[PDB]
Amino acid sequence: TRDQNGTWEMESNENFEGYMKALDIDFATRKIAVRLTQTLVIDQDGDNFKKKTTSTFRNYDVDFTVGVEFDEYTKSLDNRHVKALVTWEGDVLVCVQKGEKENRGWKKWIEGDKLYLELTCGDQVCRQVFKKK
């Protein structure tokens, strides 16, 4: 309970924009920091502390089952809650995002050794291609 010697990786975070706003800090810097995850390296020898804070952007996670409508909180983009439904269309993974936005969803399909992802939102359509590593 008193031994902080360790590399610590951040897993959550609460009222942080309010803490930065209370510290007299502006939009941008607040808008960056909300997208970062910190890592604390603490070297403690008795009463002596050495702390290092490393930042590396807020990883984003999504979990779903094909055919099971689930709640997708679309952070790192537009902090909205959307009901997502993933289905198989051949080998193309098609998704509908029921929420505040109309015509919100995406389509993803594998062609050979590459993954193609088409993002649809209203009138704007985003096509994305990924490379295997």
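Note that residue numbering follows the sequence shown and begins at 1.
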| property | result |
| --- | --- |
| Mean temperature factor over C-alpha atoms, higher-scoring stretch between 82-90 and 22-30 | 82-90 |
| Higher-B stretch (mean Cα B-factor, as the entry records it), 3-11 or 123-131 | 123-131 |
| Top Cα B factor in the deposited entry, candidates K51, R58, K75, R104 | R104 |
| From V68, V62, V41, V96, residue of greatest CA B-factor | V96 |
